[PDB]
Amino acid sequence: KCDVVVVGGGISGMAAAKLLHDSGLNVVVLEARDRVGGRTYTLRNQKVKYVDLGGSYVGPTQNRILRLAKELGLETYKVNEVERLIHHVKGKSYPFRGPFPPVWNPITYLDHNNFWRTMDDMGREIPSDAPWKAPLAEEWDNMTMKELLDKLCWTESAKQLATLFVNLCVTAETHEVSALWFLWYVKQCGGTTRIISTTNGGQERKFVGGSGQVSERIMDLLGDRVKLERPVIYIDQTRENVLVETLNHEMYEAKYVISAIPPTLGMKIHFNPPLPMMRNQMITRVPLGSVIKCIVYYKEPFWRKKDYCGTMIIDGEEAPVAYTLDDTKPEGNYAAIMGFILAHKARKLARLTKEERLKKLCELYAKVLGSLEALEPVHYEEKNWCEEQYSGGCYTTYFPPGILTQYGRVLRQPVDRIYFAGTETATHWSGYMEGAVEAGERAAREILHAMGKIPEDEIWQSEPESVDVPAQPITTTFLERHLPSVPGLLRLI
C-alpha cells in the first residue's frame, strides 16, 4: 500500500511515475508483463546487437521525449538520408531527392498539390486541444477518410498516394476511420510536411542503443516500486483510499491512480462502482491499428553504392510493404532495411511462416532497389503487434466515424481519483512517444494540483526547444499556395 498507483509500465507511465517521485510522492508502478517498454521494445542479441521492434523514430518537433531521453543519458543519431530515395510505381523505380516525390503531368501536379494543401487548410480549423469543437466537427466526423479522398482527388495518382499516406500514419484503411479524426491527427503533429519528413521532421533520428532504454532506465531509477507481472484486474473507488488489485492476487491502496493503458484496454479491468455511462461505452469504440514491423539484415548496405539510401515508397496491392527506411547502425555496422506491413495486409500476410515472408520482403526489395544482392539476407527479425494482449495493436488507437465527436471529450476526463495518461491522451504528437510523455507528465501534475501542491497554472506546461534537435519552420510557395485545383482550373476556363 502507498500514495499513488500508476497502472501502465510504458513510457507515459514511467514518465509519470518519475515526475511524481522526483516530487516526494510514494509511487508504485503496476506492470503486467515481464518487460517494461511500452509498445516500445528493444531486442538485443549478437546477430543484431540491438533493434527496436516497437517504436523508434523521434524528431525535430518532439521536444520532450528528447529531453527525458537526455536526462537518462541517451543519445540520438540521424537516419540515413544522404543518398536518393525511391518511388516505385506501376512496376518501376523512380529516384529523387527531397521529402516529396515529383509528379509529371500538370493536370496532376495540380491535383496532388491541392490534396495535401487541403489537409492542412482543414486542420487549421481543428483545435488540438479539443477537436470536437471544430466549426465543421460533425460533418467531418460522420464522413470517412475514403469518402473525403473520393471527393477530394480528381486523379488516381493522387487518390492512391493519399491512401498510402494514410495506411502509413495511422494504422488502417481509409474506410476504417473518421475524417475529422485523421485530420486532427496530422495537424496535431504539425501537418503533412512535418510528419512525413525524415530529415527536417518526424523520422530524423533513432536513439543509440534503443528506445527501450528509456523506460528501463526509469525503472532503474525506481526502486522495487515497479512490479512486473502485475496485471491490474480490479479498481475500487468505493471507499476512501482506492484499491487496485492484481491478477496476481495482491492489493495496493492509494489516494490516486493514473492509468496508462491504451484506452480500450480499460475493459481489461473491473471497475466498482461502474464507470459513468459515456466512458463505459467509450472504452468500447476505440481500437488499435494493425502492423507487423520487419527488419531484414544484409552484409553491407549495398544500396548506397547505387546512390540510394534505403527509403522506398512503394505503391500497389501486390507489395507486402509500402515504406522502407535504412536501419543500419550509425557506424556502417549492421546493414539492414526496415519496413512495415500495414493494415489489411498485416492480416493477410500473417498466415505465412516467417520464412515465407522473408522471401517476399527480399524479392520485393531486389526488384525495387534493383539488385540481386537483396536476395541474400543474412538475418531477419520481425514483430507482429496484432497479437499482443496487453497492447491491442500498433502505433495507436484510431477513431471510426461516429466517435471522436460524441465520446471524444471523455478520453481524459478523470473518474473520481483515477486520472488518465497515455499517448492517446496528448495534444502534441499524440500517438507517438512524445505524446506519451506529455501525457503522463500532464496527468501526474493533475494529481499534484489535486493534492494542493500546485495551481491550475501548472498542469499544462511548456516544451523548451532541444538544442541538439533544433527545428526549422515549414516553407510554402506563392505557386504552391495559389495554383488552382482540378476543379478551379475547370471553372477558370
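The first residue of the sequence shown is number 1, and the count goes up from there. We call the rigid core whatever largest set of C-alpha positions still superposes within 1.5 Å between the two forms.
Between 30 to 38 and 446 to 454, the larger root mean square Cα shift in 9 other deposited structures of this protein, once each structure is superposed on the rigid core, falls on 30 to 38. Two stretches are in play, 15 to 23 and 474 to 482, and the higher mean C-alpha B-factor belongs to 474 to 482.
For the segment pair 452 to 460 and 437 to 445, the entry gives 452 to 460 the higher mean B-factor, averaged over Cα atoms. Remark: of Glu139, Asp120, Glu245, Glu363, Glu245 shows the highest value [criterion: C-alpha B-factor in the PDB entry]. When the C-alpha B factors of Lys187, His344, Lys367, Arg351 are read from the deposited coordinates, the top value falls at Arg351. Ranked by Cα temperature factor within the chain, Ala260 sits in the middle third according to the deposited record.
For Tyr50, the recorded CA temperature factor ranks within the highest third of the chain's modelled residues. Sort the chain's modelled residues by C-alpha temperature factor and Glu465 lands in the highest third, per the entry.
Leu180: CA B factor lies in the lowest third for its chain, per the PDB record.
For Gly201, the recorded CA B-factor ranks within the middle third of the chain. Only modelled residues enter the ranking.
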